[PDB]
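Structure record follows, encoded as C-alpha coordinates.
Whatever order the structure lists them in is the order used to number ligands and atoms, beginning at 1. For the numbers below, each heavy atom of this structure counts, side chains included, while hydrogens, waters and symmetry mates do not. Residue numbers start from 1 in every chain, and the chains themselves are labelled A, B, ... in the order their sequence lines are given, proteins ahead of strands.
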Amino acid sequence: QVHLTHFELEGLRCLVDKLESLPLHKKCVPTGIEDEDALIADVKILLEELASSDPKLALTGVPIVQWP
Amino acid sequence: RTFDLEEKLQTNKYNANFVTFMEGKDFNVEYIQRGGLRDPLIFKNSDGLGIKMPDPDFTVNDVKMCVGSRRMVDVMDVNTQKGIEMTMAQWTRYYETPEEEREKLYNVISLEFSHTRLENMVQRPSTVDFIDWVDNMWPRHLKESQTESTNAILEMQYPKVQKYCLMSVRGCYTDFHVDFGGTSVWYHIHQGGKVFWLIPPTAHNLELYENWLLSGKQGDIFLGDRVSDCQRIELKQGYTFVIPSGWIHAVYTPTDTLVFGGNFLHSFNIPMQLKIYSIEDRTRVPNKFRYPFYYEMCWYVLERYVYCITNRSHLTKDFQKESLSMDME
Amino acid sequence: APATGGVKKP
Ligand SMILES: O=C(O)CCC(=O)C(=O)O
Ligand code: NI
(Lines give C-alpha, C1' and ligand atoms only; values in the text may rest on other atoms or scores of the structure.)
(Ligands and ions follow the chains in the order given, each with its own letter.)
Protein backbone atom coordinates (compact mmCIF):
# COMPACT_ATOMS: atom_id res chain seq x y z
CA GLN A 1 0.00 0.00 0.00
CA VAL A 2 2.97 2.24 0.77
CA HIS A 3 5.91 2.33 -1.56
CA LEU A 4 9.52 2.27 -0.34
CA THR A 5 12.65 2.87 -2.40
CA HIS A 6 14.74 -0.16 -3.20
CA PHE A 7 17.41 1.87 -1.42
CA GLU A 8 15.40 1.53 1.78
CA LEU A 9 14.18 -2.02 1.33
CA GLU A 10 17.72 -3.31 0.79
CA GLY A 11 19.11 -1.32 3.73
CA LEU A 12 16.39 -2.35 6.15
CA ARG A 13 17.11 -5.94 5.18
CA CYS A 14 20.82 -5.42 5.85
CA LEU A 15 19.93 -3.69 9.06
CA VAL A 16 17.82 -6.49 10.41
CA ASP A 17 20.30 -9.24 9.30
CA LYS A 18 23.10 -7.34 11.07
CA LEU A 19 21.31 -6.56 14.33
CA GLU A 20 19.76 -9.99 14.75
CA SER A 21 23.14 -11.68 14.16
CA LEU A 22 25.10 -9.74 16.85
CA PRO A 23 25.82 -11.45 20.10
CA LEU A 24 24.12 -10.09 23.27
CA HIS A 25 27.18 -8.20 24.45
CA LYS A 26 27.43 -6.18 21.17
CA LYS A 27 23.71 -5.98 20.31
CA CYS A 28 23.34 -2.58 22.14
CA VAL A 29 19.56 -2.86 22.46
CA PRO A 30 18.75 0.57 23.94
CA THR A 31 16.51 1.52 26.87
CA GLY A 32 13.43 2.45 24.91
CA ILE A 33 12.97 -0.83 23.04
CA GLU A 34 10.58 -3.31 24.57
CA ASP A 35 11.06 -6.79 22.89
CA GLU A 36 13.88 -6.80 20.28
CA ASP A 37 12.89 -10.19 18.91
CA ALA A 38 9.31 -9.08 18.31
CA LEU A 39 10.65 -6.02 16.48
CA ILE A 40 12.91 -8.11 14.16
CA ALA A 41 10.00 -10.43 13.37
CA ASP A 42 7.81 -7.50 12.49
CA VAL A 43 10.43 -6.01 10.27
CA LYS A 44 10.83 -9.17 8.25
CA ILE A 45 7.04 -9.41 7.70
CA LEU A 46 6.84 -5.79 6.68
CA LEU A 47 9.72 -6.25 4.24
CA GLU A 48 7.93 -9.10 2.45
CA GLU A 49 4.79 -6.99 2.11
CA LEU A 50 6.73 -4.04 0.74
CA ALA A 51 8.87 -6.15 -1.66
CA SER A 52 6.32 -5.38 -4.36
CA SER A 53 6.97 -1.58 -3.97
CA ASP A 54 6.44 0.39 -7.20
CA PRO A 55 9.70 2.31 -7.81
CA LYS A 56 8.00 5.42 -9.30
CA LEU A 57 5.21 5.77 -6.69
CA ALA A 58 7.94 5.69 -4.03
CA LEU A 59 9.18 9.02 -5.30
CA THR A 60 6.76 10.98 -3.10
CA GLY A 61 9.13 13.80 -2.08
CA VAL A 62 8.49 13.19 1.60
CA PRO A 63 10.17 10.62 3.95
CA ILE A 64 8.07 7.72 5.36
CA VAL A 65 9.48 8.28 8.88
CA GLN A 66 8.39 11.67 10.21
CA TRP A 67 7.02 12.95 13.50
CA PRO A 68 3.21 13.49 13.71
CA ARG B 1 55.35 12.61 6.11
CA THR B 2 57.22 10.94 3.29
CA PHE B 3 55.36 12.12 0.11
CA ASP B 4 55.28 15.63 -1.38
CA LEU B 5 52.15 17.69 -0.78
CA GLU B 6 53.10 20.55 -3.09
CA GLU B 7 53.00 18.11 -6.00
CA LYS B 8 49.75 16.49 -5.00
CA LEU B 9 48.39 20.06 -5.12
CA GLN B 10 49.99 20.80 -8.47
CA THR B 11 49.43 17.77 -10.81
CA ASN B 12 46.41 17.40 -13.12
CA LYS B 13 46.54 13.60 -12.64
CA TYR B 14 43.55 13.75 -10.19
CA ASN B 15 41.09 14.42 -12.97
CA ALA B 16 37.97 12.32 -12.25
CA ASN B 17 34.55 14.07 -12.20
CA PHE B 18 32.51 12.79 -9.27
CA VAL B 19 30.82 15.93 -8.19
CA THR B 20 27.35 17.03 -9.26
CA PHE B 21 27.25 20.86 -9.22
CA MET B 22 23.76 21.67 -8.04
CA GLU B 23 21.04 24.21 -7.35
CA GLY B 24 19.90 24.43 -3.70
CA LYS B 25 16.24 24.04 -4.68
CA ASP B 26 16.99 20.75 -6.39
CA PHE B 27 18.39 19.13 -3.24
CA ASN B 28 15.16 17.87 -1.78
CA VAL B 29 13.82 14.56 -0.57
CA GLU B 30 12.70 13.42 -4.06
CA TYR B 31 16.26 13.86 -5.20
CA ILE B 32 17.25 11.67 -2.21
CA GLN B 33 14.61 9.00 -2.94
CA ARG B 34 15.52 8.78 -6.66
CA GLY B 35 19.38 8.85 -6.34
CA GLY B 36 20.12 7.48 -2.87
CA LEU B 37 22.51 10.38 -2.17
CA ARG B 38 25.30 8.48 -3.96
CA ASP B 39 27.21 11.47 -5.43
CA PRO B 40 29.18 14.31 -3.89
CA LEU B 41 27.28 17.57 -4.32
CA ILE B 42 28.41 21.15 -4.48
CA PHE B 43 26.27 24.22 -4.18
CA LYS B 44 28.19 27.27 -5.41
CA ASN B 45 25.68 29.49 -3.61
CA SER B 46 23.41 28.93 -0.63
CA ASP B 47 20.13 29.74 -2.48
CA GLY B 48 17.22 27.39 -1.58
CA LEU B 49 19.33 25.23 0.79
CA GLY B 50 17.81 26.44 4.04
CA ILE B 51 21.17 27.23 5.70
CA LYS B 52 21.84 30.02 8.25
CA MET B 53 25.37 31.08 9.26
CA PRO B 54 26.96 33.71 11.52
CA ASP B 55 28.07 37.24 10.71
CA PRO B 56 30.45 37.11 7.73
CA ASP B 57 33.33 38.54 9.78
CA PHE B 58 32.84 36.10 12.68
CA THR B 59 36.21 35.30 14.14
CA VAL B 60 37.63 32.48 16.19
CA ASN B 61 37.56 34.81 19.24
CA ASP B 62 33.77 35.06 18.74
CA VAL B 63 33.66 31.27 18.59
CA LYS B 64 35.62 31.13 21.81
CA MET B 65 33.11 33.32 23.67
CA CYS B 66 30.09 31.39 22.48
CA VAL B 67 31.52 28.07 23.61
CA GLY B 68 33.65 29.23 26.50
CA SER B 69 37.27 30.17 27.05
CA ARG B 70 37.87 27.16 29.24
CA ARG B 71 36.30 24.49 27.03
CA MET B 72 38.80 21.71 26.07
CA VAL B 73 39.17 21.27 22.33
CA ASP B 74 40.59 18.42 20.31
CA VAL B 75 43.35 19.70 18.15
CA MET B 76 45.20 17.73 15.51
CA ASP B 77 48.95 18.00 15.23
CA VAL B 78 49.24 18.10 11.44
CA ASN B 79 52.77 16.68 11.16
CA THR B 80 51.81 13.56 13.16
CA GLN B 81 48.10 13.38 12.33
CA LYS B 82 47.80 12.66 16.11
CA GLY B 83 45.50 14.39 18.60
CA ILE B 84 46.26 16.74 21.49
CA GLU B 85 44.06 19.03 23.57
CA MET B 86 43.96 22.63 24.74
CA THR B 87 41.40 25.15 25.93
CA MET B 88 39.63 27.36 23.37
CA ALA B 89 41.39 30.38 24.82
CA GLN B 90 44.70 28.77 24.02
CA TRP B 91 43.52 27.68 20.56
CA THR B 92 42.38 31.22 19.89
CA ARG B 93 45.84 32.60 20.86
CA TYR B 94 47.46 30.08 18.56
CA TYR B 95 45.06 30.88 15.71
CA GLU B 96 45.58 34.63 16.18
CA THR B 97 49.37 34.31 16.21
CA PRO B 98 50.85 35.62 12.96
CA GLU B 99 51.71 32.86 10.39
CA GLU B 100 55.53 32.97 10.80
CA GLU B 101 55.60 32.87 14.60
CA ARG B 102 53.27 29.81 14.70
CA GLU B 103 55.74 27.10 15.72
CA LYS B 104 53.68 24.09 14.64
CA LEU B 105 50.80 23.44 12.26
CA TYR B 106 47.66 22.66 14.20
CA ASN B 107 44.07 21.96 12.99
CA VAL B 108 40.72 21.89 14.82
CA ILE B 109 38.06 19.84 13.04
CA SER B 110 36.05 18.55 15.95
CA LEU B 111 34.51 21.38 17.93
CA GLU B 112 30.84 20.38 18.32
CA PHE B 113 28.98 23.43 19.58
CA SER B 114 25.43 22.17 20.02
CA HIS B 115 23.85 23.46 23.24
CA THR B 116 25.85 26.64 23.23
CA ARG B 117 24.97 30.13 22.02
CA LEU B 118 26.61 29.39 18.70
CA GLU B 119 24.16 26.65 17.79
CA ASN B 120 21.24 28.91 16.93
CA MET B 121 23.52 30.88 14.64
CA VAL B 122 24.01 27.86 12.36
CA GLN B 123 21.38 26.04 10.35
CA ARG B 124 22.09 23.14 8.12
CA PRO B 125 20.34 22.50 4.83
CA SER B 126 16.62 21.78 5.19
CA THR B 127 16.91 18.53 3.33
CA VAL B 128 19.38 17.09 5.89
CA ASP B 129 16.85 17.82 8.69
CA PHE B 130 14.30 15.71 6.82
CA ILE B 131 16.55 12.64 6.70
CA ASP B 132 18.94 12.83 9.65
CA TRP B 133 18.51 9.79 11.83
CA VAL B 134 19.21 11.84 14.95
CA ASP B 135 16.36 14.25 14.24
CA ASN B 136 13.97 11.66 12.82
CA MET B 137 14.65 8.41 14.78
CA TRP B 138 16.26 9.05 18.20
CA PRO B 139 13.59 9.49 20.90
CA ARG B 140 13.01 13.24 21.03
CA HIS B 141 12.74 13.60 24.77
CA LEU B 142 16.25 12.12 25.19
CA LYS B 143 17.66 14.48 22.57
CA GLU B 144 15.96 17.47 24.19
CA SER B 145 17.28 16.46 27.66
CA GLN B 146 20.90 17.16 26.54
CA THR B 147 22.54 19.94 28.61
CA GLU B 148 26.28 19.18 28.23
CA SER B 149 27.89 21.15 25.34
CA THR B 150 31.14 19.16 25.25
CA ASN B 151 31.24 15.59 23.81
CA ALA B 152 31.71 13.81 27.13
CA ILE B 153 30.32 10.34 26.48
CA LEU B 154 28.79 9.87 29.95
CA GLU B 155 26.73 13.05 29.65
CA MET B 156 25.66 12.23 26.08
CA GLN B 157 21.92 11.61 25.61
CA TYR B 158 22.01 11.24 21.85
CA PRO B 159 24.64 11.06 19.10
CA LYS B 160 26.12 14.58 19.35
CA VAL B 161 27.49 14.91 15.84
CA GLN B 162 25.31 17.48 14.18
CA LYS B 163 27.07 20.80 14.34
CA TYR B 164 30.84 21.15 14.05
CA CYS B 165 32.99 24.26 13.79
CA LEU B 166 36.31 23.68 11.95
CA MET B 167 39.13 26.20 12.26
CA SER B 168 42.15 25.53 10.13
CA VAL B 169 45.31 27.56 9.47
CA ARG B 170 47.02 27.93 6.10
CA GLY B 171 48.94 24.73 5.37
CA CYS B 172 46.73 22.36 7.38
CA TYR B 173 46.32 18.83 5.92
CA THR B 174 44.00 16.05 7.09
CA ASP B 175 44.99 12.69 5.63
CA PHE B 176 42.67 10.30 3.79
CA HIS B 177 39.79 9.02 5.88
CA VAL B 178 36.20 7.90 5.92
CA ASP B 179 33.89 9.69 8.33
CA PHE B 180 32.69 7.84 11.36
CA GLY B 181 30.05 5.21 11.00
CA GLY B 182 29.93 6.01 7.30
CA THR B 183 28.12 9.22 8.07
CA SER B 184 27.52 11.64 5.25
CA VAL B 185 28.79 15.19 5.68
CA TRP B 186 27.67 18.68 4.89
CA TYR B 187 30.48 21.36 4.97
CA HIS B 188 29.94 25.12 4.50
CA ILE B 189 32.93 27.33 3.76
CA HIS B 190 32.34 30.46 5.81
CA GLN B 191 35.75 32.07 5.38
CA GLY B 192 38.74 30.92 3.34
CA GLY B 193 38.78 27.80 1.15
CA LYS B 194 39.60 24.07 1.13
CA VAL B 195 40.97 21.56 -1.28
CA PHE B 196 39.53 18.04 -1.20
CA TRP B 197 40.72 14.77 -2.71
CA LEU B 198 37.87 12.30 -3.28
CA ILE B 199 38.04 8.55 -3.82
CA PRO B 200 34.86 6.55 -4.40
CA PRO B 201 33.90 3.79 -1.99
CA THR B 202 34.10 0.93 -4.51
CA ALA B 203 34.73 -2.51 -3.03
CA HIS B 204 38.25 -2.47 -4.36
CA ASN B 205 39.00 1.01 -2.97
CA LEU B 206 37.57 0.28 0.41
CA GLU B 207 39.76 -2.78 0.56
CA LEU B 208 42.82 -0.63 -0.25
CA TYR B 209 41.70 1.84 2.37
CA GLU B 210 41.34 -0.83 5.07
CA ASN B 211 44.67 -2.31 4.15
CA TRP B 212 46.33 1.11 4.28
CA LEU B 213 44.93 1.71 7.76
CA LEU B 214 46.18 -1.69 8.94
CA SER B 215 49.62 -0.97 7.43
CA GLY B 216 50.41 1.87 9.85
CA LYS B 217 53.00 3.14 7.30
CA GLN B 218 50.65 5.85 6.14
CA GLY B 219 52.58 9.11 6.12
CA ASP B 220 54.47 7.16 3.42
CA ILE B 221 51.64 6.43 0.93
CA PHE B 222 49.45 9.07 -0.79
CA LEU B 223 46.36 6.94 -1.22
CA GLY B 224 45.09 9.07 -4.18
CA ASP B 225 48.03 7.70 -6.14
CA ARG B 226 46.83 4.07 -5.55
CA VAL B 227 43.40 4.19 -7.10
CA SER B 228 42.15 4.30 -10.67
CA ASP B 229 40.30 7.58 -10.34
CA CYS B 230 40.55 10.48 -7.90
CA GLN B 231 39.10 13.96 -8.02
CA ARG B 232 40.88 16.89 -6.51
CA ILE B 233 38.62 19.93 -6.18
CA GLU B 234 38.61 23.33 -4.57
CA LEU B 235 35.81 24.75 -2.48
CA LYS B 236 35.66 28.49 -2.20
CA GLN B 237 34.02 30.60 0.35
CA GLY B 238 30.20 30.36 0.27
CA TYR B 239 30.18 26.90 -1.28
CA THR B 240 28.30 24.10 0.48
CA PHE B 241 29.63 20.54 -0.08
CA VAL B 242 27.96 17.19 0.69
CA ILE B 243 30.07 14.01 0.91
CA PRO B 244 28.11 10.70 0.56
CA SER B 245 28.53 7.70 2.87
CA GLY B 246 31.85 5.92 2.70
CA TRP B 247 33.77 8.34 0.49
CA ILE B 248 37.42 8.41 1.18
CA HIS B 249 38.75 11.98 1.30
CA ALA B 250 41.68 14.15 2.36
CA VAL B 251 41.70 17.90 2.81
CA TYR B 252 44.23 20.71 2.56
CA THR B 253 43.87 24.21 3.85
CA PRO B 254 45.39 26.78 1.51
CA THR B 255 44.45 29.91 3.49
CA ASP B 256 43.21 30.49 7.09
CA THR B 257 39.65 29.22 7.16
CA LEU B 258 36.50 28.69 9.18
CA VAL B 259 34.01 25.95 8.27
CA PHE B 260 30.66 24.94 9.74
CA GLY B 261 29.55 21.44 9.03
CA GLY B 262 27.93 18.34 10.42
CA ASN B 263 27.59 14.60 10.06
CA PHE B 264 24.46 12.44 9.58
CA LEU B 265 23.25 8.90 8.92
CA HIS B 266 20.16 8.37 6.85
CA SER B 267 17.96 5.53 5.55
CA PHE B 268 19.08 5.48 1.92
CA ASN B 269 22.56 4.06 2.11
CA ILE B 270 22.49 1.83 5.17
CA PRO B 271 24.69 -0.89 3.62
CA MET B 272 27.59 1.48 3.10
CA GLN B 273 27.07 2.88 6.63
CA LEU B 274 27.28 -0.72 7.98
CA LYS B 275 30.29 -1.46 5.84
CA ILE B 276 32.21 1.51 7.23
CA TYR B 277 31.30 0.69 10.84
CA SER B 278 32.77 -2.76 10.44
CA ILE B 279 36.00 -1.47 8.83
CA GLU B 280 36.34 0.59 12.05
CA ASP B 281 35.69 -2.51 14.14
CA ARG B 282 38.36 -4.52 12.22
CA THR B 283 41.04 -1.85 12.27
CA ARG B 284 40.38 -1.25 15.97
CA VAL B 285 39.44 2.44 15.86
CA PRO B 286 39.13 3.67 19.47
CA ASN B 287 35.67 4.61 20.65
CA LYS B 288 36.24 8.28 20.92
CA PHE B 289 36.58 8.60 17.09
CA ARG B 290 33.44 6.63 16.33
CA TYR B 291 29.79 7.53 16.04
CA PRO B 292 28.22 7.38 19.53
CA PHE B 293 25.43 4.94 20.19
CA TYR B 294 25.47 3.55 16.64
CA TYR B 295 23.76 0.23 17.07
CA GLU B 296 21.37 1.89 19.56
CA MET B 297 20.38 4.31 16.77
CA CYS B 298 19.96 1.40 14.35
CA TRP B 299 17.48 -0.29 16.71
CA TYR B 300 15.45 2.90 17.02
CA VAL B 301 15.49 3.18 13.18
CA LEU B 302 13.81 -0.21 12.80
CA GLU B 303 11.19 0.67 15.41
CA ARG B 304 10.35 3.97 13.66
CA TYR B 305 9.95 2.27 10.29
CA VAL B 306 7.57 -0.40 11.65
CA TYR B 307 5.58 2.15 13.62
CA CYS B 308 5.21 4.78 10.88
CA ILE B 309 4.08 2.09 8.42
CA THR B 310 2.07 -0.38 10.46
CA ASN B 311 1.31 1.64 13.63
CA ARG B 312 2.57 -1.13 15.94
CA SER B 313 5.06 0.32 18.44
CA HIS B 314 7.98 -1.59 19.92
CA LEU B 315 8.88 1.10 22.40
CA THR B 316 8.23 0.73 26.11
CA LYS B 317 5.00 2.23 27.47
CA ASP B 318 6.97 4.92 29.18
CA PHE B 319 8.69 5.85 25.90
CA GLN B 320 5.36 5.92 24.04
CA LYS B 321 3.89 8.25 26.65
CA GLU B 322 6.89 10.57 26.38
CA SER B 323 6.45 10.63 22.61
CA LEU B 324 2.74 11.28 22.95
CA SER B 325 3.41 14.23 25.27
CA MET B 326 5.61 15.92 22.67
CA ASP B 327 3.07 15.26 19.83
CA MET B 328 0.69 17.23 22.04
CA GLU B 329 3.04 20.24 22.08
CA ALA C 1 39.90 12.29 31.71
CA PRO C 2 36.13 12.14 31.06
CA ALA C 3 35.83 9.91 27.98
CA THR C 4 34.48 11.53 24.83
CA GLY C 5 32.82 10.35 21.67
CA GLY C 6 32.10 11.79 18.26
CA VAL C 7 35.61 13.06 17.77
CA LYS C 8 36.42 13.71 14.10
CA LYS C 9 39.97 12.63 13.14
CA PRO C 10 41.92 10.17 10.84
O1 LIG D 1 38.57 20.29 6.83
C2 LIG D 1 39.45 19.53 7.31
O3 LIG D 1 40.61 19.91 7.68
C4 LIG D 1 39.03 18.08 7.48
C5 LIG D 1 37.50 17.96 7.39
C6 LIG D 1 37.01 16.53 7.57
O7 LIG D 1 36.95 15.83 6.58
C8 LIG D 1 36.59 15.97 8.87
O9 LIG D 1 36.46 16.73 9.85
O10 LIG D 1 36.33 14.75 9.00
NI1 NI E 1 36.01 14.04 6.77
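- A cation-pi arrangement is absent between B/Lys163 and B/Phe113 under the rule of less than 6.0 angstrom and at most 45 degrees off the ring axis.
- A distance below 6.0 Å separates the ring centres of B/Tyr277 and B/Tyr295.
- For the pair B/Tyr173 and ligand 1, no heavy-atom separation below 4.0 Å is found.
- At a threshold of 4.0 Å, the pair B/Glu99-B/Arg170 counts as salt-bridged, since one of the basic side-chain nitrogens sits closer than that to a carboxylate oxygen.
- For B/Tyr94 and B/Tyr106, the ring centers are positioned less than 6.0 Å apart.
- A salt bridge does not link B/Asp281 with A/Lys26: every distance from a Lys NZ or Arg NE/NH1/NH2 to an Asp or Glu carboxylate oxygen is 4.0 Å or more.
- Figure legend: cation-pi geometry between B/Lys44 and B/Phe21 absent, as NZ or CZ is not positioned both under 6.0 Å from the six-membered ring centre and within 45° of its axis.
- The distance from ligand 1 to the heavy atoms of B/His249 drops below 4.0 Å at these ligand atoms: 7 (O).
- Distance from atom 4 (C) of ligand 1 to its nearest protein heavy atom, with residue and atom name: B/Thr174 OG1, 3.6 Å.
- Counting only protein atoms, the N, O or S atoms lying less than 2.8 Å from the Ni ion (ligand 2) are B/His177 NE2, B/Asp179 OD1, B/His249 NE2, ordered by chain and residue number.
- A salt bridge links B/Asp225 with B/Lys8; the closest basic N to acidic carboxylate O contact falls under 4.0 Å.
- With a heavy-atom cut-off of 4.0 Å, B/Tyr187 touches ligand 1 through its side chain alone.
- Between C/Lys9 and ligand 1 there is no heavy-atom distance shorter than 4.0 Å.
- The B/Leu166 neighbourhood of ligand 1 comprises atoms 9 (O), with distances under 4.0 Å to a heavy atom of that residue.
- Closest protein heavy atom to atom 1 (O) of ligand 1: B/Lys194 NZ, 2.9 Å.
- Counting only distance, with no hydrogens or angles, the side chain of B/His190 and the backbone of B/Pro54 share a donor-acceptor pair below 3.5 Å.
- When non-hydrogen atoms are compared, ligand 1 lies under 4.0 Å from neither the backbone nor the side chain of B/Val259.
- Proximity to B/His177 (heavy-atom distance under 4.0 Å) selects the following atoms of ligand 1: 6 (C), 7 (O), 8 (C), 10 (O).
- The ring of B/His188 has its center no closer than 6.0 angstrom to the ring center of B/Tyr239.
- Salt bridge present: A/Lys44 and A/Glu20 bring a charged side-chain N and a carboxylate O closer than 4.0 Å.
- Contacts between B/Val185 and ligand 1 below 4.0 angstrom, taking non-hydrogen atoms only, are absent altogether.
- The cationic atom of B/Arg304 (NZ for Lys, CZ for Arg) lies less than 6.0 Å from the six-membered ring centre of A/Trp67 and within 45° of the ring axis.
- When only interatomic distances are considered, the shortest N/O to N/O separation between B/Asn107 and ligand 1 falls below 3.5 Å.
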